Peer 1: 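Structure below; questions to follow.
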Amino acid sequence: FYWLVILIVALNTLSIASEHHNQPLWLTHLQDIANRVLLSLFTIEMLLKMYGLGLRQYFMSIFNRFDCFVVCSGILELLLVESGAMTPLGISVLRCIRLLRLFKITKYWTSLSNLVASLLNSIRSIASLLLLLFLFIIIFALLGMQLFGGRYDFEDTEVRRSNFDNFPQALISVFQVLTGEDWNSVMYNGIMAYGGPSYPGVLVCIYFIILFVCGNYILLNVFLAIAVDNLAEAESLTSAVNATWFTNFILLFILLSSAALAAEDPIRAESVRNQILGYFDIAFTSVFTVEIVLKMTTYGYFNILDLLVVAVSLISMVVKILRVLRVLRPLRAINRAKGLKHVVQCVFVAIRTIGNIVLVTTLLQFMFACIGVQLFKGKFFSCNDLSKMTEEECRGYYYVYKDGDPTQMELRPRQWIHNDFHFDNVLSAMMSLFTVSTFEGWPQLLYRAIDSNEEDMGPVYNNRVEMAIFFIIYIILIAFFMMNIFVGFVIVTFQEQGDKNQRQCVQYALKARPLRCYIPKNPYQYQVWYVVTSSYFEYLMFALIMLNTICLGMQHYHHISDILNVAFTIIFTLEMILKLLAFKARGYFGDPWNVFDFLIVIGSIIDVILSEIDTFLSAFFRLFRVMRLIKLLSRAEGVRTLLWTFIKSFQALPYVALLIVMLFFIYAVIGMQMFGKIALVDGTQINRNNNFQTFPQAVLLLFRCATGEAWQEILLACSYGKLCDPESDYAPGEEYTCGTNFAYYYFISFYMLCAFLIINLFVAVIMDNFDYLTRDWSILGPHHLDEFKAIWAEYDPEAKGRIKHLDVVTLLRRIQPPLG
Amino acid sequence: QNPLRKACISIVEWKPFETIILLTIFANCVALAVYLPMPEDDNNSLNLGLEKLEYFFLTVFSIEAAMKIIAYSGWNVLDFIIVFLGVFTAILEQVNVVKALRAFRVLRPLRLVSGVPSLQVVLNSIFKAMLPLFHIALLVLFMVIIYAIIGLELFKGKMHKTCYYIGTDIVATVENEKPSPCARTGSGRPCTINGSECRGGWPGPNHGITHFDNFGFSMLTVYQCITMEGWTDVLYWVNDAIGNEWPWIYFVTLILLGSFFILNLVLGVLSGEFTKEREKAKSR
Amino acid sequence: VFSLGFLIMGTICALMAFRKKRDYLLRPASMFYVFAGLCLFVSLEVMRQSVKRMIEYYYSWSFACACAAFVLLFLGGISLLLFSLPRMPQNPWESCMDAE
Amino acid sequence: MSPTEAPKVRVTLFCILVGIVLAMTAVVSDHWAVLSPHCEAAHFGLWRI
Ligand SMILES: C#C[C@]1(C)[C@H](O)[C@@H](CO[P@@](=O)(N[C@@H](C)C(=O)OC(C)C)Oc2ccccc2)O[C@H]1n1ccc(=O)[nH]c1=O
Ligand SMILES: CCCCc1oc2ccccc2c1C(=O)c1cc(I)c(OCCN(CC)CC)c(I)c1
Ligand SMILES: [Ca+2]
């Protein structure tokens, strides 16, 4: 009966997922009939288990507990079907509880039982932290109502849905700012509600800045703590042709071929540059053809990649699919580089490790998409003017008043438009929920759903504010809870693969080397070395750096800065002279910071000379005076240490970043091949600043999509409806044929891959730093040993091995009790 | 301190008197929630009713504070300052026969935390998990200041030209385009609208909010870019103002450093502190 | 002429660095090369501005020549500066200005 | 001593020498700015035009 009941559950979920807008009458009849037979089958199966296992042990499991609730709710609903059930929204919400029988699919995964047990154990802590967050949100919503409530009285016709007019709207606005999506628009509205970009008007931005920073910090704390702690408990309970010259030449040729492929001209098929590129490509392929034959003469899973690449390159000396299939050339470097192959294998192992959370999250998103289909089926239709509520009314022409002036008129045709992201069927609902989970355009969907009026009718302003519960619950459950567990899964998984304090200390002792101190002779120079090295000098010049930074920020749009620039330049030049005199130019350049100061002072001197010669008779040379406070970093030991450790961690793992670089390269080239012929039109998402026409532009577009900008708008901007570029070659008669429906796969896959790779890189760097990150700053650490080295160099100018025996006695007094 | 001449009012605190105070705090929070703000000094019946009800909460809080002070701390001083602000506002309101001072009433929900030890210790732990982030916050401020100054010296007074119509003060745009800077006879962007021309006297892109005109606005736009919410708009506006060759370096480097690197640092430090706390509490 | 003076100073610094174990002089020479190349770039930029304010121009022989000179000087100076610096520590005991 | 005789440093120094000699020869060759009025091509340069 296990497979029988799984088959019944599969049939039920198919019947649930088969429902959509404007379905044929036979489909509606079948779905109505299929509910009765499956409910009867569930009832029959329940009764057999009542005798097979008894009435007493059946209720000891939550697994079989909700089956009785499901069957009784179904019976009650079927019995009340014959009644006069009005309010189509009401009968839809009584069709929503028919969807709770989808949990019989979750009922079969036993690998999540260990995690859910920790959740049930720590439910009290979860509720406490969520209650603190909810109180924070309530307080800031009340503050926003006090500040911006009733002050959005703008005379223009622009509509601003995210306001603070009442408590629910203030809560929605605060939540939207908390998610960080389009919060700057809310800040601009709040600023302009006051005087504007004036002295007292702009101070309301403090509210938004504090709200964003504090809410994001609280969110990180609560969700990261919940995820890491619960997953730690879950895991804890679980445990209970061969020469290097040839290969270097081949790799250089791989890079050259990739670079030649990247810098193409997709717009012009026949161009001057394209012919040279084709000549270079055939020249490269000639070298690669004589390379594969050499390898097989000396030998008998990675060589077939080169063979396929050479074959598809030689086949060119749909008929253009193989033109885009030559983007596999950068993948030829996986085999040549051992580290690249290792990191690819590691990321594949990581992908296979995280398989349960992905599946359960997708299945929960499927249930939420079904609920959204039940809630907003057909209600996302609209007209140009919101006065025409039906498709038959939305015909003809209407007046549009630009800038809100009744005397400035323009005629536009009335057209019955349909929202780009809707809930008509399960697939469209899943796409909409995926867009929501990325926090991109979710306020627009929320406000479109609030105004949803009827099955085939236009929106009504603020019709159903209670529909925000659906979106808020989906965001909290999916975009906040399960997403954080996925991030927390990788952290603990990598920590598993990551005494020892004594080993580290003994390794430091064995491998340490003394550092130079450069104690000078010639007491006349010793005096200047004493004045330079004294803490008073460094305090004075830190003050001077602070003063220079303060003076730099005083400039504004609409001459005193010139003389102060010269004064500061002279003071720093005198520093440079004094340091050179004190250190005799030998130990001066041994310090990288002194090299930086030399560079900065030389740049500032050149900038001053250039300004003076311009006055006698270039914009970026002024940036040298900005880098002056970079040298302030040498005094903040903690900041410098943190920066150094994370920078060396980034240097340690460059291959993980190379995966992201290769992903960006491949996707950019594919995008130029696919969407490179779309025209640049103002008012669209493909324009002079955002397009696939050149490789740098494509890379910038992909980078913008990675940083969570309006990527779904770019996705909509390329779907088989776009005017083709005039310079592109197309047959006369057709111009609106550029763009492909492949953009959905392209953008969704790129978003998922980029998110996963960025998470992997971040966790790799964190695990590299984990030795410093989880460090007790009280028992003992490398900082004490570094201080010991510093005092040794104080007592020992040059390395020269060890020092006199009598001098060892005094330095032990300076050693702290933790070390000695 | 004082003898048994006033301490006859310390016998109800041990009784579940705190429950009544918690319920009245919840009632005050609900009354704050149902208030409907109105433009230009307008009101309705409910708002007038809530204003009178505000005195009932004030009297209860004041008598409770006076009752506890006679019979006898960080969290009790908060109640005192809230009640003092409430009574001070009530006194000021009836003698000037300003509404900005009324904003202090949003501190009442903090008494809910003040009355529950669980949220008390939760807030204490959350604050205690903030001290290691001091160096990261210093680095963030340092980077923000540097980038604000760089933007001030690079893009000062550049986004002040847009294409108006011929002889009018109306900005020329298209159906779904926000106003953007413009440049005439340069490397910037020339306007392609038919009856349009490029001239100055334009406050700025976002109603005069997004520009590197002085230190404050440069800091504001740099902070907005660091959150990665609208940084592409600033980059595109700067490209239209001066050209799309150099500025991408500035904006892409800012996004890479102040957004991804800083987030990685914060995540690493928080994970380290969380693991350290778990390992410290494991032996207990 | 300022740029060529910087180039001369960098050349003498590089020449002096080789003799008598004066290994520390490779950094100032690299920085002088960087600044000389940067002066060259800003000079060619001002020349481009002057030819712009003066139909269409063309760059065939000497503009690419000057651009290649600037790129060579800039990259060579940056690489020499990076190579002269000892190493990023990468180890808790390892640090800069160590014993060789 | 180690970064002085390294081959990589020698390559960088050779590139710097090529660049400096090329720049020295390029300060005289004024063949970059050509203006066609429209047969009056000009040679605009730093020193002499
Ligand atoms: C929800 C949520 C967040 C508010 C934000 O939306 C997310 C960003 O990064 P991400 O989307 N990762 C992938 C897609 C990526 O490429 O990152 C770039 C798009 C930025 O998800 C997580 C990253 C780390 C830990 C947990 C989730 O982090 C959370 N945030 C951020 C900063 C902060 O100060 N406080 C927080 O709470
Ligand atoms: C082969 C690589 C697949 C990666 C991947 O598959 C999934 C299946 C279901 C759910 C998530 C993923 C997933 C992610 O790595 C992933 C997806 C998203 I969307 C996501 O959130 C991005 C947006 N973010 C706010 C900016 C919400 C937390 C994150 I973090 C990680
Ligand atoms: Ca966004």
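Chain letters run A, B, ... following the sequence lines, proteins first and then strands; every chain starts at 1. Whatever order the structure lists them in is the order used to number ligands and atoms, beginning at 1. All heavy atoms count here, side chains included; hydrogens, waters and symmetry mates do not.
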Peer 1: Hey, does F260(B) have a side-chain heavy atom less than 4.5 Å from the side chain of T707(A)?
Peer 2: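 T707(A) reaches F260(B) side chain to side chain.
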Peer 1: Would you say atom 5 (C) of ligand 1 makes contact with the protein, given that contact here means a non-hydrogen protein atom less than 4.0 Å away?
Peer 2: no
Peer 1: Give the residue and atom name of whichever protein heavy atom lies nearest to atom 8 (C) of ligand 2, and the separation in Å to one decimal.
Peer 2: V358(A) CG1, 3.5 Å
Peer 1: For ligand 1, indicate whether the residue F480(A) contacts it via side chain, backbone, both or neither (heavy-atom separation under 4.0 Å).
Peer 2: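 Within the 4.0 Å criterion, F480(A) contacts ligand 1 through side-chain atoms alone.
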Peer 1: Atom 28 (O) of ligand 1: protein heavy atom closer than 4.0 Å?
Peer 2: no
Peer 1: Using 30° and 60° as the class limits, which term best fits the ring planes of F650(A) and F261(B): parallel, tilted or perpendicular?
Peer 2: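 The rings of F650(A) and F261(B) sit tilted, inter-plane angle from 30° to 60°.
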Peer 1: Pairing donors with acceptors under 3.5 angstrom, does anything connect the side chains of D229(A) and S122(A)?
Peer 2: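 No, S122(A) and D229(A) have no side-chain donor paired with an acceptor closer than 3.5 Å.
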Peer 1: Let me know which of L141(B), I145(B), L139(B) forms a side chain to side chain contact (heavy atoms under 4.5 Å, CB included) with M143(B).
Peer 2: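 Going through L141(B), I145(B), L139(B) one by one, the side chain to side chain contact (heavy atoms under 4.5 Å, CB included) with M143(B) is satisfied by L139(B) alone.
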Peer 1: Report the C-alpha distance between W231(B) and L254(B) in whole Å, list the side-chain angles of each, state the deciding distance to 0.1 Å, and finish with yes or no for side-chain contact (heavy atoms from CB on, under 4.5 Å).
Peer 2: CA-CA 10 Å; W231(B) 67 277; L254(B) 169 62; over 6 Å; no
Peer 1: Which single N/O/S atom of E181(A) lies at minimum distance from the Ca ion (ligand 3)?
Peer 2: OE1
Peer 1: Examine ligand 1 and decide if any of its atoms is less than 4.0 Å from a heavy atom belonging to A479(A).
Peer 2: yes
Peer 1: Considering all heavy atoms of both residues, which atom of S437(A) and which atom of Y474(A) are nearest to each other, and what is their separation?
Peer 2: CB-OH, 3.9 Å
Peer 1: Does a donor on one side chain and an acceptor on the other come within less than 3.5 Å for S162(A) and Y447(A)?
Peer 2: yes
Peer 1: I'd like to know if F486(A) contacts ligand 2, where contact means a heavy-atom distance under 4.0 Å to any ligand atom.
Peer 2: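 Yes; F486(A) lies near enough to ligand 2 that a heavy-atom distance drops under 4.0 Å.
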Peer 1: Is it the side chain (CB and beyond), the backbone, both or neither of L267(B) that lies under 4.0 Å from ligand 1, heavy atoms counted?
Peer 2: side chain
Peer 1: Quick test: of every protein heavy atom, which one is nearest to atom 18 (C) of ligand 1, and how far off is it to 0.1 Å?
Peer 2: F260(B) CE2, 4.0 Å
Peer 1: For atom 16 (O) of ligand 1, what is the nearest protein heavy atom, given as residue, atom name and distance?
Peer 2: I758(A) CD1, 3.3 Å
Peer 1: Can you tell me which residue and heavy atom of the protein come closest to atom 12 (N) of ligand 1, and the distance to 0.1 Å?
Peer 2: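 Its nearest protein heavy-atom neighbour is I759(A) CD1, 4.0 Å.
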Peer 1: If you look only at pairs with a residue in residues 657-671 of chain A, which of them pass as a side-chain hydrogen bond (donor to acceptor under 3.5 Å, both in side chains), with sequence neighbours excluded?
Peer 2: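 For residues 657-671 of chain A: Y667(A)-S749(A).
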Peer 1: Would you check if there is a donor-acceptor pair between the side chains of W237(B) and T210(B) at a distance under 3.5 Å?
Peer 2: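 Result is no, nothing qualifies.
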Peer 1: Tell me the contacting part of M228(B) for ligand 1: side chain, backbone, both, or neither, using a 4.0 Å heavy-atom threshold, strictly below.
Peer 2: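 Only the side chain of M228(B) comes within reach of ligand 1.
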Peer 1: Checking contacts now, so for atom 21 (O) of ligand 1, which I'm interested in, is there any protein heavy atom under 4.0 Å?
Peer 2: no
Peer 1: Can you confirm, on distance only, whether ligand 1 has an N/O atom lying under 3.5 Å from any N/O atom belonging to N216(A)?
Peer 2: yes
Peer 1: What do we get for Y751(A) next to ligand 2 when only non-hydrogen atoms under 4.0 Å count, side chain, backbone, both or neither?
Peer 2: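 Looking at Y751(A) and ligand 2, just side chain atoms fall under 4.0 Å.
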Peer 1: Suppose I only count heavy atoms of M483(A) and a 4.0 Å limit; which atoms of ligand 2 are within that range?
Peer 2: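 Answer for ligand 2: 10 (C), 11 (C), 18 (C), 20 (C), 21 (O), 29 (C).
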Peer 1: How far is atom 37 (O) of ligand 1 from its nearest protein heavy atom, and which residue and atom is that?
Peer 2: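 Minimum-distance protein heavy atom for atom 37 (O) of ligand 1 reads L220(A) CD1, 3.2 Å.
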Peer 1: Atom 14 (C) of ligand 1: protein heavy atom closer than 4.0 Å?
Peer 2: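 It does; a protein heavy atom is within 4.0 Å.
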Peer 1: For atom 9 (C) of ligand 2, which of the options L359(A), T362(A), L757(A), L363(A) provides the nearest non-hydrogen atom?
Peer 2: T362(A)
Peer 1: Using protein heavy atoms only, decide if any is under 4.0 Å from atom 3 (C) of ligand 2.
Peer 2: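 False for atom 3 (C) of ligand 2.
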Peer 1: Say whether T438(A) and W711(A), considering side chains only, have a donor N or O and an acceptor N or O under 3.5 Å apart.
Peer 2: yes
Peer 1: Applying a strict 4.0 Å limit to heavy atoms, is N484(A) in contact with ligand 1?
Peer 2: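 Yes; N484(A) lies near enough to ligand 1 that a heavy-atom distance drops under 4.0 Å.
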Peer 1: Yes or no on side-chain contact (heavy atoms from CB on, under 4.5 Å) for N230(A) and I485(A), after CA distance, side-chain angles and deciding distance?
Peer 2: CA-CA 9 Å; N230(A) 288 150; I485(A) 281 178; over 6 Å; no
Peer 1: Going by the closest heavy atom to atom 8 (C) of ligand 1, which one wins out of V487(A), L263(B), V213(A)?
Peer 2: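 The residue whose heavy atom sits nearest atom 8 (C) of ligand 1 is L263(B).
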Peer 1: Starting from atom 27 (C) of ligand 2, find the nearest protein heavy-atom neighbour and note its residue, name and distance.
Peer 2: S437(A) O, 3.3 Å
Peer 1: Taking 4.0 Å as the limit for heavy-atom contacts, which would you say applies to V487(A) with ligand 2: side chain only, backbone only, both, or neither?
Peer 2: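 Contact part for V487(A) vs ligand 2: neither.
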Peer 1: Within less than 4.0 angstrom of ligand 2, does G708(A) place any heavy atom?
Peer 2: no
Peer 1: Taking the Ca ion (ligand 3) as the reference point, name the nearest N/O/S atom of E440(A).
Peer 2: OE1
Peer 1: Could you list which atoms of ligand 2 come closer than 4.0 Å to a heavy atom of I351(A)?
Peer 2: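 Reading through ligand 2 atom by atom, the close ones are 1 (C).
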Peer 1: Determine if the distance from atom 35 (N) of ligand 1 to the closest protein heavy atom is below 4.0 Å.
Peer 2: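 At least one protein heavy atom is under 4.0 Å away.
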Peer 1: Below 4.0 Å, non-hydrogen atoms only: which portion of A706(A) touches ligand 1? Side chain, backbone, both or neither.
Peer 2: backbone
Peer 1: With backbone taken as N, CA, C and O and side chain as the heavy atoms from C-beta onward, which portion of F223(A) lies under 4.0 Å from ligand 1: side chain, backbone, both, or neither?
Peer 2: neither
